[PDB]
Amino acid sequence: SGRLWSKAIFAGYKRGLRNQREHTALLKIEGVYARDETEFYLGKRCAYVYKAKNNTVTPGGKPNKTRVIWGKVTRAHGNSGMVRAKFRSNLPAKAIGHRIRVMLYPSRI
Amino acid sequence: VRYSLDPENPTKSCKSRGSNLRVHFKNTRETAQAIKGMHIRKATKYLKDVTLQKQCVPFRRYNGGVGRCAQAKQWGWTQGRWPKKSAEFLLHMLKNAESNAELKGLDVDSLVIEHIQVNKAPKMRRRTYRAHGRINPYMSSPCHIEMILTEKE
Amino acid sequence: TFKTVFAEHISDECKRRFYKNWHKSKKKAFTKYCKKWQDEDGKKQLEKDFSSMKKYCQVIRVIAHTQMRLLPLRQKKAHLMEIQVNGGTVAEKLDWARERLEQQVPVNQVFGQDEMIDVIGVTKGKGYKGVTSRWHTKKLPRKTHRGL
Amino acid sequence: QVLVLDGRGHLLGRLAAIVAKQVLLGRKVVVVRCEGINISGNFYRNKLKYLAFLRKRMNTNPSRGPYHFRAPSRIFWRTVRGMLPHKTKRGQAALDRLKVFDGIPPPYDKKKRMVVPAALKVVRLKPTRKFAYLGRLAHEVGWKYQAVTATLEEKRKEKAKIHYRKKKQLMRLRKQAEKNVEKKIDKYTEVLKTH
Amino acid sequence: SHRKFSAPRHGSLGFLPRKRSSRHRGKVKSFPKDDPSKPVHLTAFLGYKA
Amino acid sequence: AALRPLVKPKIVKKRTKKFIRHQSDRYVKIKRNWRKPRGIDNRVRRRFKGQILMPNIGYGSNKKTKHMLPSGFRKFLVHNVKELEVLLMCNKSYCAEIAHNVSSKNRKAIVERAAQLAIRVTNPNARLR
RNA sequence: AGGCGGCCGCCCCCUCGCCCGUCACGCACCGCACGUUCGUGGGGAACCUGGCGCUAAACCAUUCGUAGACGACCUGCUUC
RNA sequence: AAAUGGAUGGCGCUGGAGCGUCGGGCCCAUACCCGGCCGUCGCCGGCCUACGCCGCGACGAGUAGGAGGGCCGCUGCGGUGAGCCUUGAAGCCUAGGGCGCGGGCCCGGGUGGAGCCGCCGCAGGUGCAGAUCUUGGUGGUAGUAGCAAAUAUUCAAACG
Ligand SMILES: [Mg+2]
Ligand SMILES: [Mg+2]
Ligand SMILES: [Mg+2]
Ligand SMILES: [Mg+2]
Ligand SMILES: [Mg+2]
Ligand SMILES: [Mg+2]
Ligand SMILES: [Mg+2]
Ligand SMILES: [Mg+2]
Ligand SMILES: [Mg+2]
Ligand SMILES: [Mg+2]
Ligand SMILES: [Mg+2]
Ligand SMILES: [Mg+2]
Ligand SMILES: [Mg+2]
Ligand SMILES: [Mg+2]
Ligand SMILES: [Mg+2]
Ligand SMILES: [Mg+2]
Ligand SMILES: [Mg+2]
Ligand SMILES: [Mg+2]
Ligand SMILES: [Mg+2]
Ligand SMILES: [Mg+2]
Ligand SMILES: [Mg+2]
Ligand SMILES: [Mg+2]
Ligand SMILES: [Mg+2]
Ligand SMILES: [Mg+2]
Ligand SMILES: [Mg+2]
């Protein structure tokens, strides 16, 4: 029992003032608010948990309604502690202001 | 002949049609949308109330410049009109559907009108006499009427 | 509005005000409410409402109506009006109101002669009229086409 | 989840910037005591700017067009509207997440009010510069509800005074218990492992 | 422009929403203020123009 | 699990939209085939951002993955038995596709000869009793 | 812009309701994710069961004029 | 001091989110470097459709205009496929499968009932979004305007 993943809020895509680049997304991760603080999270792996009414899940025991697009941390972003991430599939753009899990594996503890 | 929206079975269903009959397509569509989804005796009483101007027919789609009435509040609508000739023709075709159900041998007291359909017949052209010796067409708009009735269980 | 307390003896003119079709209505208004006024155990849950009325409210208004039986009218419906008591403290205003529930209020009691009292009502409807009759603008002369 | 912010001694633009940034992330933030939000500059200057803003209105139909609120909560809500992209379905959802209240509501009496340090008058303004109260501005122009709000505010401040004596009595009792004996065995371990 | 004969405007801007009132009994928009010095009385009665 | 041909890599197309024609949505007289606009004011020819993209040489697929079905073969159309038997040498990369005007009486013989010669046919179970 | 908390008289149980120590077990599913949550999460139509209760109101029609272009508004209709 | 109500873009900003001097970071364009793929060009390889097959390197924007290619397309002509079929050709529809960047094409399913296509050469009345384009049909308007110049009709019966 207990949560193992660190909380991170989806913020938006990599973009300029006018245009966007949907291949790389931005994550405001909680606790980190500095360039020196967004160093431990380099190499973490992210997951966006959402719901659909069809019965497509992991083989972990029971069939449910949970669908997850996987991905991982690429690099840091700015001085405020925001973190870039490239997922395996691009974001649905409904996740703005919503939470993406950051799990504590392959990092180097 | 073929009908759109074929029923569940031809045993418990009767059918009727009128072809090339001088009415207005808009009036017959707007009264068919009020007939559709109703018991046959309620529809007969409804059309007799239309001919007696006691219960109206709301114009929901073809509602351009149509005056209001007080009787439309049963339908949740503001406008309304009382089509006498459309009520007469559609009551005649409901009597035809009743006779066809009697020929097929159904429980004639418990029919409901599941499907009704109206579409434009080929119209006949007349002419007006406007200003400056010009001729503008004066054309009708007849329609073909189809109805599929079903027993209620 | 905090809460509204209605009296026990509610007139048929007030019931005709609350209903729309008095012929089609079965005259069933306020039956359980008068039963709550009649029951002794309901009074303990009703006198607490006045004690909360003394504590929290400042503006107390009195709903009264007219007697249509004394009038030569044909309407037979009594018009309800909230009348803000501008007296003293809320406690004696509530005591005055509960003392004069189900009672008549003459005009000679409150209003007097030589008094300057304003009148509020609804104007005479003249119908869907035009501009020179509504806004009283100046007419156009005889030579004007498409309207004077 | 939910955030409850004080409005006493805060600046309008700074607090609106921090609220409009934190409401796009999803944290349901609510600014309470909105009448106490200070605005820098002279008060005649601020009401002259607001009088010009009231003068801004459509000549053809004043209703269909510029709406001008007088309540300070709705002033702050218009300030956050002018900063969020409200014409799209991101800022509209952010404004639906944002709630603003004048005075203090009864759930926000109980729930603890946060104070943002970077939006403070004391942090951002030199104390020899002029300022203006948004509640004073609202009472001067349009918002006729200071006599009710200030009365209920003094009532809940009396409620806070009658709660704080009980809380301080309980704190004195628990520090008398900490002064008492037979707790120090765990306290040696706590001090040697970061009391 | 320069209308050269300025006239007082017809009508009033204050009475401009000339909609039918949803009520026929003319309700009271504002009652006079109260004080504990004055004795207890009522303010508004009903009547019929005869 | 039918024939499982030789080593064919991951097939990419660099875009899969079969580019729409400008203002084909607005007018239903315009078929959705591409046609290069040669106007002097057109945003598509001027290549403004936020518009449709014109087909040019950059969208050309790889020569290894050109004319490649997702199964891993290259299709070749066939009318009869001799045009099926011409694929006897290269059946492990080239599949057959029976023409539409071939009846069932000869279609069953063509698919029987393909099953004997181990030649993949794209539509084996069509137009049968 | 209120529904959870505090006190007293009793209630069927619990002196392991928690930390320190000994002992033996429960799937150890044999390298793999979407796991544990305020969830007896929100809404709609029905299914079988116990107790306590409810027995109407709008719209049309008709009439009305204090009202109306049409709608709309104010009204009447008890067998005395 | 200027007429609609409005403009550092707005919101706001005073220990700055103003002004002038600057330090360290941070963000991106089709710009630059590396890499994958297509094409053009230059050089070149081999006695493997030589009009084919490979290899290296540099570059690809563009109205008027000019060339090359098209195993893009339509119609008909001569060779040609022991071509296709009334166990279903042309045409048409299609939330189907796919190819080619593209012109377009092939197959699946349905109506249809008698002619059709691939390659090589040949010849065109050979490809449409416009021309207040020609012919034909159909919508919004729209059940809208309008059925109002010349005083006026009413009761009963009858055929129906
Ligand atoms: Mg209209
Ligand atoms: Mg009209
Ligand atoms: Mg004429
Ligand atoms: Mg003539
Ligand atoms: Mg009148
Ligand atoms: Mg004239
Ligand atoms: Mg008022
Ligand atoms: Mg130009
Ligand atoms: Mg400004
Ligand atoms: Mg500076
Ligand atoms: Mg070029
Ligand atoms: Mg024939
Ligand atoms: Mg061809
Ligand atoms: Mg030609
Ligand atoms: Mg020719
Ligand atoms: Mg054309
Ligand atoms: Mg053109
Ligand atoms: Mg034309
Ligand atoms: Mg024409
Ligand atoms: Mg013809
Ligand atoms: Mg037309
Ligand atoms: Mg008309
Ligand atoms: Mg005439
Ligand atoms: Mg007769
Ligand atoms: Mg007769």
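Residue numbering for chain F follows Swiss-Prot, covering 2-130 in order.
So how was this one determined? The header says electron microscopy, 3.6 Å.
Using the three backbone atoms N, Cα and C, a Cβ is placed for every residue, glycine included.
According to Swiss-Prot, the features are:
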CROSSLNK  F:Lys9  SUMO2 cross-link
MOD_RES   F:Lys50  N6-succinyllysine
MOD_RES   F:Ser62  phosphoserine
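All features noted in Swiss-Prot, drawn onto the structure.
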residue : record            : Cβ neighbours (10 Å)
F:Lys9  : SUMO2 cross-link  : 16
F:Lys50 : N6-succinyllysine : 7
F:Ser62 : phosphoserine     : 14
Cα separation, F:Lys50 (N6-succinyllysine) to the residue listed as 'SUMO2 cross-link' (Å, whole number): 37
F:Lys50 (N6-succinyllysine) to the residue listed as 'phosphoserine' - Cα separation in whole Å: 24
Recorded positions among F:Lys9, F:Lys50, F:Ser62 whose Cβ lies under 8 Å from any chain A Cβ: F:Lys50
